[PDB]
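Okay, structure first, notes after.
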Amino acid sequence: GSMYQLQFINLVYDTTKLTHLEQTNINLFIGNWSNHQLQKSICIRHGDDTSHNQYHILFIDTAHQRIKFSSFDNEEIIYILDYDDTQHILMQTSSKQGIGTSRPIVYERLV
Ligand SMILES: [Cl-]
Ligand SMILES: [Cl-]
């Protein structure tokens with residue numbers, strides 16, 4: 001079959017400043033995920049100041065199991081990840097000063 005494109009998302013954050021539940025919630029999204037229709041995979045990991053593909057977390061929603069983040073290189077585009085279960089998360093796109101938020105797209109964990 002076809003090869004996919006793989007995008008790295010290295011979330012940059014100091015764990016020692018978070019609550020246990022905020023850590024839990026980020027951890028729901030760490031992993032390797034794919035969407036068949038886009039032929040796209042994302043690899044979400046905790047990175048650091050040295051990393052490439054750096055993203056900054058804007059909000060950790062422990063009420064609804066979501067995180068919001070933006071790339072270091074563009075503060076305007078906001079990504080939202082919604083937890084479903086251990087094998088499924090959903091991505092939406094919003095923005096700092098635009099109108100609207102996109103419909104969720106399911107990413108499945110690569111067994
Ligand atoms: Cl095949
Ligand atoms: Cl980079």
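By convention here, the chains of the structure tokens are called A, B, ... in the order presented, each chain's residues are numbered starting at 1, and ligands are numbered starting at 1 in the order presented.
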Given 12 Å and only C-alpha atoms and all ligand atoms, residues near ligand 1 as an NGL selection string = :A and (1-3)
Would you put the residues from that selection into a file with N, CA and C atoms, as an mmCIF file, in the first residue's frame?
```
data_model
loop_
_atom_site.group_PDB
_atom_site.id
_atom_site.type_symbol
_atom_site.label_atom_id
_atom_site.label_comp_id
_atom_site.auth_asym_id
_atom_site.auth_seq_id
_atom_site.Cartn_x
_atom_site.Cartn_y
_atom_site.Cartn_z
ATOM 1 N N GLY A 1 0.827 -1.235 0.000
ATOM 2 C CA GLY A 1 0.000 0.000 0.000
ATOM 3 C C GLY A 1 0.844 1.260 0.000
ATOM 4 N N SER A 2 0.178 2.406 -0.047
ATOM 5 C CA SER A 2 0.876 3.682 -0.060
ATOM 6 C C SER A 2 1.627 3.958 1.250
ATOM 7 N N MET A 3 2.679 4.759 1.150
ATOM 8 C CA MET A 3 3.308 5.349 2.330
ATOM 9 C C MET A 3 2.522 6.568 2.759
#
```
Who sits within 10 Å of residue 85 in chain A, only C-alpha atoms, same chain under 3 positions skipped, as a PyMOL selection string = chain A and resi 28-29+82+88-89+108-109
Mind checking DSSP for range 16-104 of chain A and telling me the helix (DSSP H, G or I) residues as an MDAnalysis selection string?
-> chainID A and resid 16:17 20:27
Give me a file of those residues, with N, CA, C and O atoms, as a tab-separated table (two decimals), in the first residue's frame.
```tsv
chain	number	residue	atom	x	y	z
A	16	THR	N	7.34	19.20	35.72
A	16	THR	CA	7.39	19.47	37.14
A	16	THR	C	6.50	20.61	37.57
A	16	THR	O	6.30	20.81	38.77
A	17	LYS	N	5.91	21.36	36.64
A	17	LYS	CA	4.99	22.40	36.99
A	17	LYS	C	3.51	22.03	36.89
A	17	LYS	O	2.63	22.86	37.19
A	20	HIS	N	-0.80	16.33	38.71
A	20	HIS	CA	-0.87	14.96	38.30
A	20	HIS	C	-1.97	14.77	37.28
A	20	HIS	O	-1.74	14.06	36.28
A	21	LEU	N	-3.12	15.38	37.46
A	21	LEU	CA	-4.19	15.17	36.51
A	21	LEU	C	-3.86	15.83	35.16
A	21	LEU	O	-4.23	15.29	34.11
A	22	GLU	N	-3.19	16.96	35.18
A	22	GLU	CA	-2.79	17.59	33.89
A	22	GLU	C	-1.82	16.68	33.16
A	22	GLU	O	-1.95	16.51	31.95
A	23	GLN	N	-0.91	16.03	33.87
A	23	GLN	CA	0.00	15.09	33.26
A	23	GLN	C	-0.74	13.91	32.67
A	23	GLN	O	-0.50	13.50	31.52
A	24	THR	N	-1.72	13.38	33.42
A	24	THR	CA	-2.57	12.29	32.95
A	24	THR	C	-3.19	12.64	31.61
A	24	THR	O	-3.20	11.86	30.67
A	25	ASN	N	-3.72	13.84	31.56
A	25	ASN	CA	-4.48	14.27	30.41
A	25	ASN	C	-3.56	14.43	29.14
A	25	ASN	O	-3.93	13.98	28.08
A	26	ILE	N	-2.39	14.99	29.31
A	26	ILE	CA	-1.45	15.09	28.17
A	26	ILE	C	-1.10	13.68	27.72
A	26	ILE	O	-1.10	13.37	26.54
A	27	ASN	N	-0.94	12.79	28.70
A	27	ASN	CA	-0.52	11.46	28.39
A	27	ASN	C	-1.50	10.70	27.53
A	27	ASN	O	-1.05	9.78	26.81
```
Using only C-alpha atoms and all ligand atoms, what are the residues with an atom within 8 Å of ligand 2, set out as a list in words?
-> residues 51, 52, 53 and 54 of chain A
Written selection (C-alpha atoms) as a PDB file, in the first residue's frame:
```pdb
ATOM      1  CA  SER A  51      13.569  19.571  19.792  1.00  0.00           C
ATOM      2  CA  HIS A  52      12.412  20.320  16.293  1.00  0.00           C
ATOM      3  CA  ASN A  53       8.705  20.309  15.456  1.00  0.00           C
ATOM      4  CA  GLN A  54       7.947  22.183  18.686  1.00  0.00           C
TER       5      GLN A  54
END
```
Out of chain A, which residues get strand (DSSP E or B) from DSSP, as a PyMOL selection string?
-> chain A and resi 5-12+31-35+40-47+54-61+66-71+74-85+88-95+105-109
Resulting file, chosen residues, C-alpha atoms, as a short mmCIF file (atom, residue, chain, number, x, y, z; two decimals), in the first residue's frame:
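Listing of again_36.cif after writing:
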```
data_model
loop_
_atom_site.label_atom_id
_atom_site.label_comp_id
_atom_site.auth_asym_id
_atom_site.auth_seq_id
_atom_site.Cartn_x
_atom_site.Cartn_y
_atom_site.Cartn_z
CA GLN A 5 3.16 11.39 5.50
CA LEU A 6 4.29 11.55 9.15
CA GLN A 7 4.15 14.77 11.08
CA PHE A 8 5.91 15.10 14.42
CA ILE A 9 4.31 17.04 17.22
CA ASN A 10 6.76 17.58 20.04
CA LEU A 11 4.89 19.13 22.88
CA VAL A 12 7.27 21.27 24.92
CA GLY A 31 1.64 8.12 20.73
CA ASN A 32 1.51 7.33 17.06
CA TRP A 33 -1.78 7.94 15.32
CA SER A 34 -3.13 7.76 11.81
CA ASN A 35 -5.97 8.83 9.55
CA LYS A 40 -1.41 11.07 7.40
CA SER A 41 0.13 9.98 10.66
CA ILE A 42 1.02 12.10 13.65
CA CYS A 43 3.59 11.23 16.28
CA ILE A 44 2.88 13.11 19.51
CA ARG A 45 5.61 13.14 22.12
CA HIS A 46 6.94 15.20 24.95
CA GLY A 47 9.89 17.07 23.55
CA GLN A 54 7.95 22.18 18.69
CA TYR A 55 4.45 22.93 19.93
CA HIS A 56 3.32 24.94 22.94
CA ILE A 57 0.31 23.83 25.00
CA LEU A 58 -2.26 26.54 25.47
CA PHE A 59 -4.78 24.67 27.65
CA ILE A 60 -5.11 21.30 29.35
CA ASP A 61 -8.85 20.66 29.76
CA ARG A 66 -8.75 17.82 25.69
CA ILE A 67 -5.60 19.72 24.96
CA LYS A 68 -5.04 22.82 22.85
CA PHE A 69 -1.69 23.72 21.35
CA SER A 70 -0.03 25.73 18.59
CA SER A 71 3.27 25.38 16.77
CA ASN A 74 2.66 30.07 14.19
CA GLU A 75 0.57 31.27 17.14
CA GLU A 76 -2.51 31.91 15.02
CA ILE A 77 -3.50 28.29 14.25
CA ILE A 78 -4.70 26.35 17.30
CA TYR A 79 -5.00 22.60 17.30
CA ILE A 80 -7.42 20.84 19.59
CA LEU A 81 -7.13 17.22 20.49
CA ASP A 82 -10.13 15.47 22.03
CA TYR A 83 -9.79 12.14 23.79
CA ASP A 84 -12.19 9.28 22.82
CA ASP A 85 -10.50 6.11 24.18
CA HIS A 88 -8.86 7.01 19.28
CA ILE A 89 -8.36 10.80 19.51
CA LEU A 90 -9.88 13.54 17.44
CA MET A 91 -8.25 16.65 15.99
CA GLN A 92 -9.87 19.99 15.31
CA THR A 93 -8.38 23.22 14.12
CA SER A 94 -9.35 26.67 15.41
CA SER A 95 -7.57 29.99 15.68
CA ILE A 105 -11.22 14.11 12.48
CA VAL A 106 -10.53 10.73 14.02
CA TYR A 107 -7.01 9.55 14.40
CA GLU A 108 -6.54 5.85 15.39
CA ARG A 109 -3.57 4.61 17.40
#
```
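Picture a line from CA of residue 50 in chain A to CA of residue 14 in chain A; it runs 13.2 Å.
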CA of residue 38 in chain A and CA of residue 4 in chain A are how many Å apart?
->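 Atom-to-atom, CA of residue 38 in chain A to CA of residue 4 in chain A, that is 8.4 Å.
Shortest atom-to-atom contact with residue 13 in chain A among A:97, A:111, A:49, A:104: A:49, counting only C-alpha atoms.
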